[PDB]
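Here's a solo chain for you in structure tokens, the form deposited in one PDB entry.
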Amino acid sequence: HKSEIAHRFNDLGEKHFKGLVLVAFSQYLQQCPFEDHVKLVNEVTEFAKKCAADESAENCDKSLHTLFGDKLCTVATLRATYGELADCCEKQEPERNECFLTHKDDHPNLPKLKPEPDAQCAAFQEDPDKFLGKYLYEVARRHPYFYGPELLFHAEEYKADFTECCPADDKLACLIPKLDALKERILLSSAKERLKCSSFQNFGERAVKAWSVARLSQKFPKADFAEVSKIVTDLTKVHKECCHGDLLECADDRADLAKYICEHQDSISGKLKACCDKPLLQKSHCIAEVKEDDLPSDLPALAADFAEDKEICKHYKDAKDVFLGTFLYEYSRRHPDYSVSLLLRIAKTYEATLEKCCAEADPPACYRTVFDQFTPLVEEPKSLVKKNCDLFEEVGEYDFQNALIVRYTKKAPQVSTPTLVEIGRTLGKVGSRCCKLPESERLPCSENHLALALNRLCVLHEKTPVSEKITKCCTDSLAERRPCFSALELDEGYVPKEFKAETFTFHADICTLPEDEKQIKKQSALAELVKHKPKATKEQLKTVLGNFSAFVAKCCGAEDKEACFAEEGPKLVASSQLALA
């Protein structure tokens, strides 16, 4: 109470306290060296130990924001590396942290970590605390809004992988599959949390509560409304704190919520038992990623209370938010086969009916057939997910990505090529993950992951706005975000980008790139072909990229690579224009 840092240190323990502060500094200061950050963590850990022993000691009565924010401004390489970030230090709290958070880089362009099993299993023994410590540093700086306590968990997933594989003869065959899967889990985790932080920023905590009521109601249909409301309230406060960089307060409140859920597990979900017999980080993660519980047999029809009841306006008038919260809980728990956006869309439609009906002469007659408005809202995304999986299953991942790059480049040609390539590549991998699932699990998978990919586009677009359409879709409404983007079409009055030959000129440098980086260069060229020829068919673009593809493979196989590229390049560049007419 007297000393907050004393409280956090005592509650969290040294390793996790240090760990979260290393992650904290790594997110705020993303280009600072590892060894520099290690000292800053030690200097804070040092001071926290003094306060826990004697809370009356100087500076111990200050808030963690102040104490952390003060330590950030004493960084010697602050003005040199980060520039404008040093201007924030002149401002006072709470405006100083708000200033720091804006200067977090969502796209830091950092070296793509190669999994080198010979180098790392050896480095795991050379300096182990440096190893697991550096892993936290590297993930944190590439993902400045990554869920702090969730990153500590991934570091222990990292630890366990090396201790299991390094002993074995073939270190590569064991480690690579395990590490490859972890990179996929980290990108998804980063994406999930960024949408929580984005929702706070753009739509406030009411939007974050609504989303969570829907998701946890699906996860815990056995749980009553007062439990879901309690868990949502506590969990919203947790994500608010983490998203504002208060990782220590975030981590402590998260541990309290883990304890609560597990002390009341029988009346929340039968699927939590395994989770609650685990250490804090394993327990917390297991709760967050818990599979949905079996549906209760004893639930009545919704219409009885939400269409038929004659005192619905009375319920609505006195307690607007609570009664809508009640509707979302009841609709969500029955429909785990629905996306969270679809549930929030339905709930927004219900509110809209009551605002208009309780004003009219005969309200009961008005909101009698409110459930008829939902059937078309359900069918639209069902139709979209079918067409995309039908396309994916036919043409496979790479060609599905290319089809989506063309789709989104036409929707927004003003958006930077790297941004368009990223969402096309992301949404293609969603095809791989989601389409191989049963129909009931497929819609939520696709549309939930789509929301994460659209948020990424909105985050990158917010930093550097180019389109008013994209701004409107990104800022209007979170529930209506997917519909808004789905509706986007090629601007009739779009001025084609003028032809630059250098943009479509390849060299021998491409041959030495890893396959992923090789595809990005070709997929970057595809986006540019669309920007130059926006009225070209997807089938014309598929063919021209196939020629570029064949041209690269040929010259990268040639005895004289640079000689091949010099001769063949301009010929293909010239014919490609005529082909896209």
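One rule holds for the numbers: they count along the sequence shown, beginning at 1. Here the rigid core means the biggest group of C-alpha atoms that line up within 1.5 Å when the two forms are laid on top of each other.
There is also a form deposited in another entry; it is not shown, and the following applies to it.
Undergrad: After fitting the rigid core, tell me which of 445, 511, 187, 286 has its Cα displaced by at least 2 Å between this form and the one not shown.
TA: None of the others reach 2 Å, which leaves 511.
Undergrad: Taking the rigid core as reference, does residue 554 move its C-alpha 2 Å or further between this form and the one not shown?
TA: Where the cores coincide, residue 554 still shows a C-alpha shift between this form and the one not shown that is 2 Å or more.
Undergrad: So with the core overlaid, does the Cα of residue 571 end up 2 Å or more away between this form and the one not shown?
TA: For residue 571, whose C-alpha is compared between this form and the one not shown after core superposition, the shift is 2 Å or more.
Undergrad: Does residue 494 show a Cα shift reaching 2 Å between this form and the one not shown after rigid-core superposition?
TA: The answer is yes; the displacement is at least 2 Å.
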